[PDB]
Amino acid sequence: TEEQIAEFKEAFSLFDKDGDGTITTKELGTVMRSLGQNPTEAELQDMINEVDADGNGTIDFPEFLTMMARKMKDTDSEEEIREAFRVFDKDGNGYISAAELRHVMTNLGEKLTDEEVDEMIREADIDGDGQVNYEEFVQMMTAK
Amino acid sequence: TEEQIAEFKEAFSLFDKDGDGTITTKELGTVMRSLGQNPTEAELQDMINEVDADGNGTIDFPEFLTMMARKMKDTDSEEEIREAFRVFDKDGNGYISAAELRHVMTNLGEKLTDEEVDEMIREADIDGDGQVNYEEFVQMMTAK
Amino acid sequence: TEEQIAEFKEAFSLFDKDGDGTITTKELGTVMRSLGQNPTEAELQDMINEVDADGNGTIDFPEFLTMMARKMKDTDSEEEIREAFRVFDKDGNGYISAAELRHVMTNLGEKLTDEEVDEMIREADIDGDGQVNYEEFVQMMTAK
Amino acid sequence: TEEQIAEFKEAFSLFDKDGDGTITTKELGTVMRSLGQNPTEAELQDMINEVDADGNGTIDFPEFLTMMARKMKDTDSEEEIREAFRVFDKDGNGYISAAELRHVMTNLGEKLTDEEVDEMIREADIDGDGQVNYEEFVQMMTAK
Amino acid sequence: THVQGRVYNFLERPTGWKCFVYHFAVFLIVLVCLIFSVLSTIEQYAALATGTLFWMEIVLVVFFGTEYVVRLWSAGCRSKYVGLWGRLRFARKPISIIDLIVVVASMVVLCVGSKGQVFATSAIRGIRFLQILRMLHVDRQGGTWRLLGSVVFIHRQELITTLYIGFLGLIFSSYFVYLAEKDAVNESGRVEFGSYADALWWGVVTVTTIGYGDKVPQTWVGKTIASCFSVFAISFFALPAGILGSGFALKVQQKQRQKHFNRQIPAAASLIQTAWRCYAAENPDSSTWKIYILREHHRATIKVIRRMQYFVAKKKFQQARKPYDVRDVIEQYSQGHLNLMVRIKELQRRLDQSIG
Amino acid sequence: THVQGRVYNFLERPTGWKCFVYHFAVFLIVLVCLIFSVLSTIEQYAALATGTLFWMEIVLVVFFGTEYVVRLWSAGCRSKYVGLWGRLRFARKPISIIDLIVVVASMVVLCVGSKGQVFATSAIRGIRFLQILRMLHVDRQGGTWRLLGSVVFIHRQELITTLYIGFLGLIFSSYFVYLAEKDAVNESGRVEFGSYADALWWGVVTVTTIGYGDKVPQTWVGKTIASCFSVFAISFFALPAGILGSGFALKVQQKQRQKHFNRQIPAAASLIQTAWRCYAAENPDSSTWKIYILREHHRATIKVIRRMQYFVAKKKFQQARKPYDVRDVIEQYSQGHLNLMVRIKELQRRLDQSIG
Amino acid sequence: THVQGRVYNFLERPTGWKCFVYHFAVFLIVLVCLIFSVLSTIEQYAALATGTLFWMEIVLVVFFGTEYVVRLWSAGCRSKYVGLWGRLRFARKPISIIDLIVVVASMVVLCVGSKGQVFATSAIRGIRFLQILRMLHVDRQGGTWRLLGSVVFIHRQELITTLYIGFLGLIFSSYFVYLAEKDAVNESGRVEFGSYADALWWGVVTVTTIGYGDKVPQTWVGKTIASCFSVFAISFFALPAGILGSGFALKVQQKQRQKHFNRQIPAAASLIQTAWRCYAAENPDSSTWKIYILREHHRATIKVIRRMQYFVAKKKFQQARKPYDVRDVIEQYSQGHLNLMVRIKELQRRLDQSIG
Amino acid sequence: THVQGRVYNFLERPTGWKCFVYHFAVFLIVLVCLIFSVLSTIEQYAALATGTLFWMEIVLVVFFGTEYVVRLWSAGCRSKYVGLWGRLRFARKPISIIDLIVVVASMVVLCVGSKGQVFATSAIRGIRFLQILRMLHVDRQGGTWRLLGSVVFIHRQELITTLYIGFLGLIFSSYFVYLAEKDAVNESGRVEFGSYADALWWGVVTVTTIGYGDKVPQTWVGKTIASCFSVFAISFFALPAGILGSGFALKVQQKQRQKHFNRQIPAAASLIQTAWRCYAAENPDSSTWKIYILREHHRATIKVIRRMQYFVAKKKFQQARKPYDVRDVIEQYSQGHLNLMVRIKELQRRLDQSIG
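Protein chains in written order, with the authors' numbering: chain B, 6 to 149; chain D, 6 to 149; chain F, 6 to 149; chain H, 6 to 149; chain C, 104 to 396, 506 to 568; chain E, 104 to 396, 506 to 568; chain A, 104 to 396, 506 to 568; chain G, 104 to 396, 506 to 568.
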């Protein structure tokens, strides 16, 4: 895990770009200004109270390592994605219609791009059956 | 119900007047400015969280059809109007005095016009008995 | 009670001074500006939600008559003033010291005038015993 | 205790510096401006609702004497400092590591000065064992 | 006129203190009639009380008939009970049905010797005191036994589940104890396990903590299984009482949370006005169409606008009947914050126009 | 002077730790007197204890008389108990009445042999320990048995309803079981159903989960109806205990919600000042009329303004005694928001004047 | 197509009123089968009912087999129960296992005389009515007996502690009473204290308020220790029932606090979009990398930014599933206040630039 | 070094799953030792078990001694249990005292025949399983039986009041029934009312819903007074169980209200820093006096300023340990509103300076 801790340390230093060893809301907002994602101050404070665990409101190397150390295939995450996908299926039997997914992904959320929505359709399709099942899509989600 | 869905669809399009298929607070406020009812932003957000059911804050054709599909003669509405009229009758025996209705309708509410208040008096009168009964008025309310 | 209702009606008309039959916060604030008591908008809304009972936020002649019709010698008021005076007596045996009353009435409240505080001392004194008893003072309070 | 009450009375008069016998937020803020600690209005109201006990929001000589009369070696304070120091020791057996205390005292709190942090290390050290025990440090805390 | 209303309040809807005293006296005379009816059942005073109490019982039934007559006559004040149709509607009320049943049961047979049915007929008069609480009879959704019995209705599903689990455990345990102790006979030469009816009876006794004292196996296995059954099932059996008590305390806490009674008047008035707006939307010739002002082809637009205003009024009224709550605080903060944001935006654009 | 107050706190209103120790010793000596009184009832020590305990009982009653005398003498510190009239008022207190009754019952007869009434007289001294909690006796609205018994009073209507339903079910079930099992005689040749008094007794036994062991029908119909009665009525019978426990936990939660004791001082002072303002409104010659300043004919205006100020002070004090709550949060947010709106409006009009 | 879904809702997931009526009829036929099975256990109708009910029992088991067959065939609509693998997965469900066990127990032996096992086999059909509630079987974390039994699970540690304390008290008290009353024999010439099994049995009886009526010492010391044991330990024994009732009322109060069901749709959609953003962070060749726009070496930066966006979405979704609460109000006020502060600061600096 | 900490966590403070498994095995071996001790009390296996279990009992006591030795040796990791003084301090702990008492009771006599005391000695080992929960023993204010028994302590005054009222009612009712039924003798020729000890016993039986089956008057007056006593006093007797259950559910609801564990770190650090500031206020020669900077005669001013800062830190820490609450929301809104007012005032005065 030496390469892992080294790469997260250098990423933290790159985001800091100041040498004080901490990530601030101003630095992060400058990062998005450089890359162009139009951040919001509410989103900034929301990620601040989320990632920070020491209660001091700043970002530290041990905190960043601890938050990055979590795994993605947790059974809690599996059940959470199960119940998240359940509400989008009106029938609730695991068979979700094509048109509902299409219009929801288009008009609701952050207005995801049509090409990547079509990518979602083509990879999350059970042999193009239309009434696709999200179980296999979630399984390939959790298989990385 | 083809004529019904067609007329609600064309009414929705008329209110939209923009082609994006959604009704916004700005469009609705412009509508009241054109017709002259002096809307309030609080009232606009209050109707937004009411009619909208998808949780996205906008108005869609399926949502409009679903909200217009409800009936008016529901027994829940009957009981609600019963208990609403009960509080206005101090005696609570279904016999409500003329003067109390007169002064309440005049000075309380949105200051309803005197001519239409008199219209209310003349149609909601049990043969001009003064101490009128609201049961028949509610019955003709629910008979459309 | 004809003279009573007449005098309260004419007092209500005098406070209205506009002919619409209602007392408003603007009218009341203008009254205090004329007489010079420096009102607060918080106090104005606080008296509005207090005196008004119809829920419409304005003041009417029937409401004013009903609120003025209450008596002053209610046993609930007697017990309320009992418990209010109890907290000011540390001993709690009905014997309240002179100095505590003096300094409390001076530095706490609305900074009551020294001459009228001394008036309070001289009338609420059990033969000038210093450790006066508030029972007789409350009794002469409730005897009008 | 005559010297004690005299010295607290003269300190109260010195802080008042106005002759009205009360300490106000403006006076206290002027004091910090003179001495240079950069106070906050939130901190000022927070000390106001704390020290004041009469409920009038101001500071009086009896209140100041009563608040200064409390002792420092209360068993409640002993247990409170016990539980406060318990959370800083991950093991919870009374043996707290040197490095954790170092980095916490440096980067968390009000950014205490390095020299006085080193003073804390040198006096709160069990013969320089590194994994020091805070029991003796708290005991010398409570021994004045 | 007002005399009918006064006598109706005296009879059905109590107010003041004199009517409360009258209802108290009615409760005590009900207690007296029940108590002498129950003391008439004794064998020593079966005949003496029957002979003596004839005049008192006949004058009591005459008084009941007269009070029913005056109550139905005074029912004409209520709008629901006007005329012959209103009297018939009042008769269909459960309280009136019970009173009529009691009267007809009293007068089934005349000039006959008393029997056990006389005690049963007077026993029906016991529930008359409870009819004072149910004298309203506004609806059937929740009233008296249902209004405060809604605590059971609120918990109905899980109460049914708990009693079902208890019943299953009882019958299963009875089966196990019967199969295990078919050959077990305790002292005094009595076969404890002779019928599954007896097994179910003892299961009920154990779950009810009765402890009669006749049927208990002396086997160690039986003692252990009985101890396990007691430590497992008694809590579920006693659950409903604490359940209803805690729910009732919940609603008591909710009582102080309830919003002021006089604040719903503007909401109700707005609801009525919007209801009439919807009604007059059906009539293009109504004079209300000229209030806005020409406009000719926007009749459907005005109708649907009035309909959505009525929907908003319905939502406001439904929020009003709800007590002050976290949702109310959240929505109040949200509306205040959005008003502040709108005002700040308008100030900012005005300043930009001023200096730009 | 202060010695009277100190002895009054020592006697009636405890404080510190020495007075708590004294009250503890009083409770233990009450326990001792009750315990030797109850052990004096045994037949083996009926005479020996009576002969020996004469000196102890007479010195105990002398001590009780002396403590009553010193308590009434020290009552003069309280303003309600000053002088002969104050002593008489203190006598009318329920605790003083009970103590005087106990003393006179002790000294009814002198130099006489003891009897069962002596145990009864000493049994009245058991309640003396509870009088320490009720030593305040400030009022009768809620005190000791009523202060913490208000939980019953808060739930009184529905508790009465539940007990009424239980009583109706009990008497009805007794009637059904009697009518069904008139001819049912169990083992040992005893007629279980011989009196409706016995039927009501067994109904009480079943509803109380007593289970004596004498009167139970062996019929299957009787077993089924008893099982139904148990599964239907026991929950309602056990309701009040959980009801009062849940309500008490409710008020315990409310205790931490209670507002600070020292915050009501300004509200009480303002209430008193407004009360005097109303009083001096009755006196046009008072010096308070010159505080505002001429003004001559506005005496009624000043009087009614002071009266409405007193009403506002009453509302503020009534809000103060209420703990921090959702209503308090809502009104605080409302006043803050309206202050913000007023400030924004004044800023907007000022800017419009500045640049317009 | 849709017919499979309709029959699946008819069988497993009820909706409307016709399916509710069908489930009601299923519950009543379950009641009928259990009731004639239990009445078949009587000795008078052991043979007549067995001979007569052969046709009804065989047609009932045939109906159960056919309904199981149609349920498994209609399971193909569910994505979890598609194909042979899906049918096997449906078989592993506890409800399906119980149903298969019941069917095989019914058909163990054919054309044989009935015995006590026949009643046991039909007794297993009693739990079939409870399977309707557990027909979902979505998971095993909380379902039916576990979903509403989570009240026990929420209180599991302290419930275990209370029962442990009660068990310790029971066994200790049994030891004390045995050691004290080894020589104590009550009336009728029966040795009450002859076995520690009997001592533990009577301890259970006392803690359960049973009161059999056979084993009670008549010694005063035994009476006093029993009274102390009752006043000390019965409350702890009865604790769990009120505990679970109060916790259930707690969650009932929480039900009205719950946030609206339709408000979680945007949060779930954002969570899914961020999950895919993390997935495509693994693929530098994805077309999503061009949405921001060149940029070549910031692939890791984009990946970690999408990962932290996914973390933020996870936090938002976890806050959404929580009901409206004090924490929600506090965070809403905090975000509003910080937005106000930022706007005020920007206005102040803009004005300073304008006039400076 | 770390091995001592690991073995200390293995022994006293469990963590992970292996130590949980070890504690589970310890609980089961405690169950095994208790169960064979209690089965050794039977007369059939009194000698065989005693002869066979000698080796097992001696190896068990050797294991207990070795585990106590290793626990005391590993206690050196804790700062409170370092050195000989620390070992003595660990010995004074109640759990260590109980363990030492158990060991010395086991080894009182060697090479002797077993008796009833051997069962008593092994019975003391039952409480050893509860010592795992009380293994912390941080203080005596609240721990295990006191930590979760604080529910009784929170309700102690009113629980004492309720039990006192119940005891008074019991003794009074016993006196009334004795005086009334002195001459009442039931069937079987047994004098029910022969001793006030019997009267008090039956009062306890009635209040505990025991129902033995020996002493019940057959008089109607006795039946009525018993029914009144049951309907009046049983609720108060059963009050404490529901009281404690409701209070426990209260604190369970409070558990989810509790503030996050990691948010108190800055408050604790500030408290420690202010404590040292107060300490260095006693030392004018400390280097901290130069942090502010000359200033010479303001040493007392700096000392009292640091003292009031410490008071503020104490208040902040005391607010932190409290969970999120209505008071917290109110104070947060108050501070936000006053900050807004201050900012508005400064903006207004700045604008007045700018344009005035």
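All residues carry an ideal CB built from backbone N, CA and C; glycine is no exception.
Secondary-structure assignment with DSSP links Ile64/H through a beta bridge to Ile28/H. If you look at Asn112/G, you'll find it in the alpha helix (DSSP H) that goes 105–114. Per DSSP, the beta-bridge partners of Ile101/H are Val137/H.
Nearest CB-CB separation between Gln376/A and chain B: below the 8 Å threshold.
Taking a Cβ-Cβ cut-off of 9 Å, the neighbours of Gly316/C in chain A comprise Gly314, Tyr315, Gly316, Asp317, given in sequence order. Taken in chain order, the whole beta strand (DSSP E) runs of length 3 or more contained in the stretch 110–185 of chain A number zero. Within the stretch 345–368 of chain A, the residues whose Cβ lies closer than 7 Å to any Cβ of chain D are, in chain order, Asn365, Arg366, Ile368. If you check the CB distance, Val164/E and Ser209/E come in under 8 Å. Nearest CB-CB separation between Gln547/C and chain D: below the 8 Å threshold.
Counting C-beta atoms within 10 angstroms of its own C-beta, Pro369/A has 16 or more neighbours from the protein chains shown and is therefore classed as buried.
Here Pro387/E carries a coil assignment [DSSP, helix/strand/coil]. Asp59/D reaches chain A at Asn365, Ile368, counting residues in chain order whose Cβ is nearer than 8 Å. Distance from the CA atom of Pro535/A to the CA atom of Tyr267/E, rounded to whole angstroms, is 40 Å. The stretch 174–188 of chain E makes no contact with the stretch 301–321 of chain G, as fewer than three CB pairs between them are under 8 Å.
Exposure of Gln260/G is indicated by the presence of fewer than 16 other C-beta atoms within 10 angstroms of its C-beta. Of the residues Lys528/C, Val254/C, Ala384/C, the one whose Cα lies closest to the Cα of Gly345/C is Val254/C. Contact annotation: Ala383/C and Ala16/D have beta-carbon atoms that are not nearer than 8 Å. DSSP places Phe93/H inside the alpha helix (DSSP H), whose first and last residues are 80–93. If the five residues before and after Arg91/D are omitted, its C-beta is found closer than 8 Å to the C-beta atoms of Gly97, all from its own chain and listed in chain order. C-alpha of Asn54/F to C-alpha of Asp65/D: approximately 41 Å in a straight line.
When secondary structure is reduced to three states using DSSP, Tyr395/A falls in the coil class, being assigned neither helix nor strand.
Scanning its chain for C-beta atoms nearer than 6 Å, with the 5 sequence neighbours on each side dropped, one finds around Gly306/G the residues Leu273, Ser276, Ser277, in chain order.
One alpha carbon belongs to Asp540/G, the other to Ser546/G, and they sit about 10 Å apart. Contact note: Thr169/C does not reach chain A at a C-beta cutoff of 8 Å; the least C-beta distance is about 47 Å.
Taking the CA atoms as reference points, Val205/C sits about 10 Å from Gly229/C.
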